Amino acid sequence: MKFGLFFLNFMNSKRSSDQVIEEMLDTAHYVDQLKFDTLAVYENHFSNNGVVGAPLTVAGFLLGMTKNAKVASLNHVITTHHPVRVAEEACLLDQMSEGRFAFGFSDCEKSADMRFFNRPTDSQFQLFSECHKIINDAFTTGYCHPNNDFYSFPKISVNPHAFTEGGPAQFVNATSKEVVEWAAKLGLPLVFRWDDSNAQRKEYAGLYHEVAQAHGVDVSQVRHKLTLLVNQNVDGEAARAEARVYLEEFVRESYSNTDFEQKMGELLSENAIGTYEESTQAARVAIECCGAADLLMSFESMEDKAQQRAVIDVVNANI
């Protein structure tokens, strides 16, 4: 059972690109000496909810800066990119850090993004599935030969080749029903989104399982993770007020007045927000509903560093 961090790096009127970026760095430095085994970075473009578009870079920087934690890209949208860049970057990361990089990717969520990157949608999934083929080819072979309706070029070697046989550890982010299917077929772990309802993770979770079955894969081993937001305050109202102030834009952005109030209260209740007893309990249920072997929390919302930092030690001393 593994634990770790993750940075969304949300910027506001109260915290700016420079602030967040540092704080993040500041924290990775701290955690390094603890028992957190992984750091992940959230990829986000053109809005205040995630001040990073290239998770692989930050990954490199943190990789270069740490001694103990694996470091991983949380949701690299390979759907809107050039699989080669991706692959080169990834093996590269694996090579330079010598086996300390993990590769979490994902399909494209915001519709727009896809549009902005010349990406048509009629192929969105296949396009995705493809990129991965290739990325995956390279990983395993050190080469590639596309020749698809999506991309065509002559065969090539993709340097540096890859430290880790087969390539770095991979994972997919659970955004759609159709993705968990595919992912299950190849029997590869997932990462459950903290913004998803407990039920949602369940379905998916189960879904995965059911499919893992029906095809052959022996996922007894597969380890999935889950991300959750942590925020504890001995004043539950406070921890709740802070967090909502914190997710306010995220929500108006992603869950378009679907019931801002409804959605919000739900995240407010499903995430690990509250007082210790409230926080800790909620974690627990979340884990159980989707069965994750790994928990990636995020202590970002906590404005006061001391408390935030004091929340971390606590979660640390647990183990």
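Numbering starts at 1 and follows the sequence shown. Just so we're on the same page, rigid core means the largest C-alpha set that superposes within 1.5 Å between forms.
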Segment of greater CA departure in 4 other deposited structures of this protein, 82 to 90 or 144 to 152, core superposed: 144 to 152
- request: Taking the root mean square of C-alpha distances over all structures and residues in 4 other deposited structures of this protein, with a rigid core superposition, name the larger of 117 to 125 and 222 to 230.
  value: 117 to 125
query: Which of the two stretches, 57 to 65 or 32 to 40, shows the higher mean Cα temperature factor in the record?
result: 32 to 40
statement: When mean C-alpha B-factors in the record are compared for 287 to 295 and 248 to 256, the larger belongs to 248 to 256
- line: The largest CA temperature factor among 78, 135, 214, 71 is found at 214
query: With respect to the C-alpha temperature factors reported in the PDB entry, which of 167, 154, 189, 120 ranks highest?
result: 120
- line: residue 319: CA temperature factor from the record, placed by chain third, in the highest
task: Pull the Cα B-factor of residue 26 out of the PDB entry and bin it into the chain's lowest, middle or highest third.
output: highest
message: When the deposited Cα B-factors of this chain's modelled residues are ordered and cut into thirds, is residue 208 in the lowest, the middle or the highest one?
response: highest
- request: Using the B-factors in the PDB entry, rank residue 278's C-alpha atom against the chain and give the third, lowest, middle or highest.
  value: highest
statement: The third of the chain into which the C-alpha temperature factor of residue 115 falls is the highest
